[PDB]
Amino acid sequence: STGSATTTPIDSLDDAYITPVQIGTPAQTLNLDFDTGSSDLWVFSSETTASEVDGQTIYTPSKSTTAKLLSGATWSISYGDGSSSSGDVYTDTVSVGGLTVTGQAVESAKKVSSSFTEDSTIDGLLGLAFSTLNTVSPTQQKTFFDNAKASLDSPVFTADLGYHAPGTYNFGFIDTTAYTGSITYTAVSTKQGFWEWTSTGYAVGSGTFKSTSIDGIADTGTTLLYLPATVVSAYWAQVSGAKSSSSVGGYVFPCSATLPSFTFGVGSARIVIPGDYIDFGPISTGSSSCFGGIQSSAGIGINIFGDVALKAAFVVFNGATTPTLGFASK
């Protein structure tokens, strides 16, 4: 089997991408944030505290003839940005772009943190990291991809995120028309539960490539590109007037600037992020200070190849017995 679904930016900055997911019978379609940095499929629901729902579409398990309470199971998650959610668990039929999993754990939120409530466009998350990170207790549950893997034509999914435009998540096949050149594959460590890999270096604009190992994660659920402070300083030093602002929370730059590109290495191959992809717009409405899309990872503990980086590539998440990552230009 295969599946193919369009993913759409939630706003004009590409702050996140939503993908429609069919849950239950008859189908209830919710728009979920596909997150290769986490491993829970959780949804706003009829059980979510009413004051914490503000415009989201909710899953109502009592209206699904295939929903079954997973007795005793609870979940609770905290994300790298400080947001969180928790609740109970059902199993139900879940379909993405024509690919159907029966018995998928659907984690129903009883509580969500304010940042989720305040974002009316995201109805939940669909985790695509390794199932070892799933938070369901006392019986850990598998991700949608792990449940589907054996049925897929090939045990892979691909992320093809658009710049200011829709893109595609494919399951079970590699669309050879969706990229240019060849796909360069690179080794993955699953020891932390992530799609963790080592970039071979970077360049700023037309500058020379610096060969240096940068370990980090491919994370579709993170907006920006988080790299070591040395690399990030080298990038913003090429933008007149750019500076790190403690009060804003990162590098800002004059909105009048033209940003240079940023290149990252994948083996001997190179992925070029155009400068425009690095502009996240005014820090507040009407400001002439703009927020940068490359930020320091120093306070995180891990480097994160988020959407800013991934949207410049066609990315293969190869879930074979020994997983690998593939990157192609497009």
Side-chain angles (χ1 to χ4, degrees), residues 4-11 13-19 32-39 79-81 122 125-130 145 156-171 174-175 178-181 183-188 194-202 214-227 231-232 235 259 261-267 269-280 292-295 297 300 302-319 323-330:
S4 181
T6 298
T7 193
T8 300
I10 64 167
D11 63 23
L13 297 179
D14 297 347
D15 281 319
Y17 298 81
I18 47 174
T19 308
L32 303 190
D33 186 349
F34 282 27
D35 181 11
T36 64
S38 69
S39 305
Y79 296 100
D81 63 348
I122 291 174
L125 268 65
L126 190 150
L128 292 167
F130 293 87
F145 178 56
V156 304
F157 67 90
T158 65
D160 179 11
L161 302 180
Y163 169 64
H164 292 359
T168 305
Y169 282 103
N170 290 330
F171 294 83
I174 290 166
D175 180 358
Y179 57 88
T180 63
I183 304 176
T184 293
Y185 289 88
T186 198
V188 166
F194 302 121
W195 292 92
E196 188 173 0
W197 65 290
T198 302
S199 175
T200 49
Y202 71 98
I214 304 169
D215 180 283
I217 66 172
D219 184 1
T220 59
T222 292
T223 313
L224 303 188
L225 173 53
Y226 295 89
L227 291 175
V231 178
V232 176
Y235 179 80
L259 296 180
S261 63
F262 184 87
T263 297
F264 64 94
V266 183
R270 307 288 179 252
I271 299 296
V272 181
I273 306 170
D276 287 351
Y277 291 26
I278 298 161
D279 180 4
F280 280 75
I294 296 177
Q295 297 293 346
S297 65
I300 296 176
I302 199 157
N303 301 303
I304 306 175
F305 294 89
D307 297 335
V308 163
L310 303 182
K311 76 178 71 178
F314 178 89
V315 187
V316 179
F317 293 81
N318 169 28
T324 65
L325 278 168
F327 292 82
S329 294
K330 63 185 187 190

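Sequential numbering from 1 along the given sequence is applied to the chain's residues. Quick note: numbers below take in every heavy atom, side chains included, and nothing from hydrogens, waters or symmetry partners.
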Between atom [atom1] of [X] and atom [atom2] of [Y], what is the distance when rounded to the nearest 0.5 Å?
{"X": "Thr263", "Y": "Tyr202", "atom1": "OG1", "atom2": "OH", "value": "11.5 Å"}
{"X": "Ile18", "Y": "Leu32", "atom1": "CD1", "atom2": "CG", "value": "9.0 Å"}
{"X": "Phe171", "Y": "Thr158", "atom1": "CZ", "atom2": "OG1", "value": "8.5 Å"}
{"X": "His164", "Y": "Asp276", "atom1": "NE2", "atom2": "CG", "value": "7.5 Å"}
{"X": "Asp307", "Y": "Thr7", "atom1": "CG", "atom2": "OG1", "value": "9.0 Å"}
{"X": "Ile214", "Y": "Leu227", "atom1": "CD1", "atom2": "CG", "value": "5.5 Å"}

Going by distance alone, is a donor N or O of one side chain under 3.5 Å from an acceptor N or O of the other, for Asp160 and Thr168?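 No, because no side-chain N or O of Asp160 sits under 3.5 Å from a partner of the opposite role on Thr168.
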Under a 3.5 Å threshold, yes or no: a donor from one side chain and an acceptor from the other, between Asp15 and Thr223?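 No, because no side-chain N or O of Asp15 sits under 3.5 Å from a partner of the opposite role on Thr223.
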Looking at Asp279, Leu225, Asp14, which hits side-chain contact (heavy atoms from CB on, under 4.5 Å) with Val308? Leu225
Here's a test for you: under side-chain contact (heavy atoms from CB on, under 4.5 Å), which of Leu126, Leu125, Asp33 qualifies with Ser38?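 Of the listed residues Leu126, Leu125, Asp33, the side-chain contact (heavy atoms from CB on, under 4.5 Å) partner of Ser38 is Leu125.
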Identify, with sequence neighbours excluded, every residue that meets side chain to side chain contact (heavy atoms under 4.5 Å, CB included) alongside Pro166.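 Listed in chain order: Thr6, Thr8.
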Should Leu325 and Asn318 be marked as a side chain to side chain contact (heavy atoms under 4.5 Å, CB included) after you check the CA-CA gap, both sets of side-chain angles, and the distance that decides it? CA-CA 6 Å; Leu325 278 168; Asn318 169 28; over 6 Å; no
Side chain to side chain donor-acceptor pair (under 3.5 Å) with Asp219: which residues, sequence neighbours excluded?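 For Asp219 the side chain to side chain donor-acceptor pair (under 3.5 Å) partners, ignoring immediate neighbours, are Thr222.
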Given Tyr277 and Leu259, is the side chain to side chain contact (heavy atoms under 4.5 Å, CB included) satisfied, shown in steps? CA-CA 9 Å; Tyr277 291 26; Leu259 296 180; over 6 Å; no
Please report the shortest heavy-atom distance between [X] and [Y], naming the atom on each side.
{"X": "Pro323", "Y": "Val188", "result": "O-CB, 3.5 Å"}
{"X": "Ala5", "Y": "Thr19", "result": "CB-CG2, 3.6 Å"}
{"X": "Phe305", "Y": "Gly216", "result": "CE1-CA, 4.1 Å"}
{"X": "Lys330", "Y": "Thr180", "result": "N-OG1, 3.7 Å"}
{"X": "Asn170", "Y": "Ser4", "result": "OD1-OG, 2.6 Å"}
{"X": "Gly265", "Y": "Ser199", "result": "O-OG, 2.7 Å"}

Do [X] and [Y] have side chains that get closer than 4.5 Å, going by heavy atoms?
{"X": "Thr220", "Y": "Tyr17", "value": "no"}
{"X": "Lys311", "Y": "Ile273", "value": "no"}
{"X": "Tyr226", "Y": "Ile294", "value": "no"}
{"X": "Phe317", "Y": "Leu128", "value": "no"}
{"X": "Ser329", "Y": "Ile271", "value": "yes"}

Out of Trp195, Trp197, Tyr185, which residue meets the ring pair (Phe, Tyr, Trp, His ring centres under 6.0 Å) rule with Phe327? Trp197
Just do the side chain to side chain contact (heavy atoms under 4.5 Å, CB included) check on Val316 and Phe157 with the steps written out, would you? CA-CA 6 Å; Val316 179; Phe157 67 90; over 6 Å; no
Using the rule given for side chain to side chain contact (heavy atoms under 4.5 Å, CB included), can you reason through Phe194 versus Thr36, listing the C-alpha separation, both sets of side-chain angles and the distance that settles it, and then say yes or no? CA-CA 8 Å; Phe194 302 121; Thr36 64; over 6 Å; no
Within the distance-only criterion (no hydrogens, no angle test), does the side chain of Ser261 pair as donor or acceptor with the backbone N or O of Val272 below 3.5 angstrom? no
